[PDB]
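Visitor: This is the structure I have questions about; it appears just below.
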Amino acid sequence: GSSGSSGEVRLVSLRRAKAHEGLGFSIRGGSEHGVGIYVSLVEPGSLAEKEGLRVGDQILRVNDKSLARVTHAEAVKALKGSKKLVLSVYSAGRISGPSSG
């Protein structure tokens, strides 16, 4: 059959619509630095952190468009208020507990 455990891109969703903080999680990097996008800070007891997000992620896609390697202004311009946003983050590894069932 098929076997795909190691590696699994998760789908994080952040809503708020208010230039106060953002989506609960800050990003870092940018094509301007030669790097892509990744979580830099994640607020506790927040929605993001609730979605699974955590300091040490990689925003592969946002909403629909794929950042990959865009200026910090690009990624940002992609993030922030913009209707039901879909944060695409990749994960590599599993923890003990509820995961498969």
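Chain labels A, B, ... are given in the sequence in which chains occur in the structure tokens; within each chain residues are numbered consecutively from 1, and ligands are likewise numbered from 1 in the order shown.
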Find the residues near residue 78 (chain A): any atom within 9 Å, counting only C-alpha atoms, skip ones fewer than 5 places away on the same chain, and give them as a VMD selection string.

Guide: chain A and resid 62 to 63 65 67 73

Visitor: Within 12 Å of region 8-17 of chain A, which residues of region 52-86 of chain A come that close, and what is the closest atom pair and distance in Å for each? Count only C-alpha atoms and give it as a tab-separated table.

Guide:
```
residue	atom	partner	partner_atom	distance
A:52	CA	A:12	CA	7.1
A:53	CA	A:12	CA	6.8
A:54	CA	A:12	CA	10.5
A:57	CA	A:10	CA	10.1
A:58	CA	A:9	CA	9.6
A:59	CA	A:12	CA	9.7
A:60	CA	A:9	CA	8.7
A:61	CA	A:11	CA	9.5
A:62	CA	A:12	CA	9.4
A:63	CA	A:13	CA	9.1
A:64	CA	A:11	CA	11.4
A:79	CA	A:14	CA	9.9
A:80	CA	A:17	CA	7.5
A:81	CA	A:17	CA	4.8
A:82	CA	A:17	CA	7.4
A:83	CA	A:15	CA	7.6
A:84	CA	A:15	CA	6.5
A:85	CA	A:13	CA	5.9
A:86	CA	A:13	CA	4.9
```

Visitor: Residue 32 (chain A): which residues within 8 Å, counting only C-alpha atoms, same-chain residues fewer than 6 positions away excluded, as a short mmCIF file (atom, residue, chain, number, x, y, z; two decimals) with C-alpha atoms, in the first residue's frame?

Guide:
```cif
data_model
loop_
_atom_site.label_atom_id
_atom_site.label_comp_id
_atom_site.auth_asym_id
_atom_site.auth_seq_id
_atom_site.Cartn_x
_atom_site.Cartn_y
_atom_site.Cartn_z
CA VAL A 70 9.44 36.75 -1.51
CA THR A 71 10.44 40.01 0.15
CA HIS A 72 9.27 40.52 3.71
#
```

Visitor: My list of candidates is A:68, A:35, A:23, A:75. Which is closest to residue 47 (chain A) when distances are computed with only C-alpha atoms?

Guide: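 Closest to residue 47 (chain A) of all the choices is A:23.
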
Visitor: Work out how far apart CA of residue 45 (chain A) and CA of residue 95 (chain A) are and give it in Å to one decimal.

Guide: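 That distance, rounded to one decimal, is 19.5 Å.
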
Visitor: Can you pull out every residue within 12 Å of residue 5 (chain A), counting only C-alpha atoms, but drop anything in the same chain fewer than 3 positions away, and send it as JSON, numbers by chain?

Guide: {"A": [2, 8, 9, 91, 92, 93, 94, 95, 99, 100]}

Visitor: As number ranges by chain, please: all residues of region 29-70 of chain A that backbone DSSP puts in strand (DSSP E or B).

Guide: A: 29, 37-42, 59-62, 65-66

Visitor: Leaving out residue 25 (chain A) and any residue of its chain fewer than 3 positions from it, which residues lie within 10 Å of it when counting only C-alpha atoms, given as a PyMOL selection string?

Guide: chain A and resi 14+21-22+38-44+46-49+53-55

Visitor: Using the selection just defined, write its residues with N, CA and C atoms as a JSON list (two decimals), in the first residue's frame.

Guide:
```
[["chain", "number", "residue", "atom", "x", "y", "z"],
["A", 14, "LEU", "N", -6.05, 31.73, 10.67],
["A", 14, "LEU", "CA", -6.08, 32.81, 11.65],
["A", 14, "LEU", "C", -7.07, 33.88, 11.19],
["A", 21, "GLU", "N", -2.39, 43.23, 16.00],
["A", 21, "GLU", "CA", -1.27, 42.32, 16.23],
["A", 21, "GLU", "C", -0.94, 41.55, 14.95],
["A", 22, "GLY", "N", -1.98, 41.01, 14.34],
["A", 22, "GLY", "CA", -1.81, 40.25, 13.11],
["A", 22, "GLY", "C", -2.68, 38.99, 13.12],
["A", 38, "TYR", "N", 8.98, 31.97, 7.82],
["A", 38, "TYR", "CA", 8.91, 31.07, 8.95],
["A", 38, "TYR", "C", 8.41, 31.79, 10.20],
["A", 39, "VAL", "N", 7.78, 31.03, 11.09],
["A", 39, "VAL", "CA", 7.26, 31.58, 12.32],
["A", 39, "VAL", "C", 8.42, 32.06, 13.20],
["A", 40, "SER", "N", 8.29, 33.29, 13.68],
["A", 40, "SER", "CA", 9.31, 33.87, 14.53],
["A", 40, "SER", "C", 8.82, 33.95, 15.97],
["A", 41, "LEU", "N", 7.53, 34.25, 16.10],
["A", 41, "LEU", "CA", 6.92, 34.36, 17.42],
["A", 41, "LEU", "C", 5.48, 33.84, 17.35],
["A", 42, "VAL", "N", 5.07, 33.19, 18.43],
["A", 42, "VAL", "CA", 3.73, 32.64, 18.51],
["A", 42, "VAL", "C", 3.14, 32.93, 19.89],
["A", 43, "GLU", "N", 2.07, 33.71, 19.89],
["A", 43, "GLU", "CA", 1.40, 34.07, 21.13],
["A", 43, "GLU", "C", 0.77, 32.83, 21.77],
["A", 44, "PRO", "N", 0.88, 32.76, 23.13],
["A", 44, "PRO", "CA", 0.33, 31.65, 23.87],
["A", 44, "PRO", "C", -1.20, 31.75, 23.97],
["A", 46, "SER", "N", -3.28, 31.43, 22.24],
["A", 46, "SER", "CA", -3.81, 32.15, 21.09],
["A", 46, "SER", "C", -4.45, 31.16, 20.11],
["A", 47, "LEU", "N", -5.02, 31.72, 19.06],
["A", 47, "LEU", "CA", -5.66, 30.90, 18.04],
["A", 47, "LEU", "C", -4.60, 30.15, 17.24],
["A", 48, "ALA", "N", -3.63, 30.91, 16.75],
["A", 48, "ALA", "CA", -2.55, 30.33, 15.97],
["A", 48, "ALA", "C", -1.99, 29.11, 16.70],
["A", 49, "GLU", "N", -1.42, 29.37, 17.87],
["A", 49, "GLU", "CA", -0.85, 28.31, 18.68],
["A", 49, "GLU", "C", -1.86, 27.17, 18.86],
["A", 53, "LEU", "N", 0.30, 26.07, 14.99],
["A", 53, "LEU", "CA", 1.41, 26.95, 14.69],
["A", 53, "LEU", "C", 2.35, 27.00, 15.90],
["A", 54, "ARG", "N", 3.61, 27.29, 15.62],
["A", 54, "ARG", "CA", 4.61, 27.37, 16.67],
["A", 54, "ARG", "C", 5.92, 27.93, 16.11],
["A", 55, "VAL", "N", 6.63, 28.66, 16.96],
["A", 55, "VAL", "CA", 7.90, 29.26, 16.56],
["A", 55, "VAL", "C", 8.81, 28.17, 16.00]]
```

Visitor: Find the residue from A:51, A:1, A:89, A:77 that sits nearest to residue 37 (chain A); use only C-alpha atoms when measuring.

Guide: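 That would be A:89, the residue with the smallest distance to residue 37 (chain A).
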
Visitor: Kindly indicate which residue among A:76, A:7, A:50, A:20 lies nearest to residue 36 (chain A), using only C-alpha atoms for the distances.

Guide: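 For residue 36 (chain A), the nearest of the given residues is A:76.
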
Visitor: Have a look at CA of residue 19 (chain A) and CA of residue 74 (chain A) and let me know their distance in Å, one decimal.

Guide: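 Here the two named atoms are 16.9 Å from each other.
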
Visitor: List every residue of chain A that DSSP, applied to the backbone, labels as helix (DSSP H, G or I), and write the result as a PyMOL selection string.

Guide: chain A and resi 47-51+72-78

Visitor: So the first atom is CA of residue 66 (chain A) and the second is CA of residue 30 (chain A); what is the distance between them in Å, to one decimal place?

Guide: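 Distance between the two atoms: 12.9 Å.
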